[PDB]
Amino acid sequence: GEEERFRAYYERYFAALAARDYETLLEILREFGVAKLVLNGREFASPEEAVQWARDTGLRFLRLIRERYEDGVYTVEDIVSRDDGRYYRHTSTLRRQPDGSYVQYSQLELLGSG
C-alpha cells in the first residue's frame, strides 16, 4: 500500500507547513527516507538543506491542487508563498531509488507578487 503511505505522509507534510513548523517537516522527510532534493535543478544534499531553504525563505502553504500516484513515483502540485510576497506553483515528484531512499524533484514556477 505505497499509495496510502504517500498520502498520509503528505497530510503530515502540508499540515506542518501550514503551521510553518519546519522542524516537523525535517522529521517527516527523515522518517519517509527522502535523502536528497533537487529544486529547479539546484542540489540540496540532504533534508537539512531542504528545510534550511524552507526556513530561510519563510515558505508558506496556500493550496493543494492535485496528487497522482504511480509505482515508486508520487507527484503533487500545490501553491506556496515566500516571506517576500512571491507566489509559486510547485510540482514535486518523489522518486523511489533502488536502495529504497527517495529523491524529491521540485519545480517552482513564479506566479507573481504584489
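Just count from 1 along the sequence shown to find any residue number.
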Open item on the list: Tell me which stretch, 27-35 or 68-76, has the higher mean Cα B-factor listed in the entry.
Closed with: 68-76
Open item on the list: Mean CA temperature factor from the deposited coordinates, higher in 55-63 or in 78-86?
Closed with: 78-86
Open item on the list: Quick check on the deposited entry: does the C-alpha B-factor of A8 sit in the lowest, middle or highest third of its chain?
Closed with: highest
TODO: Name the third of the chain's ranked CA B-factors that contains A16, choosing lowest, middle or highest.
DONE: middle
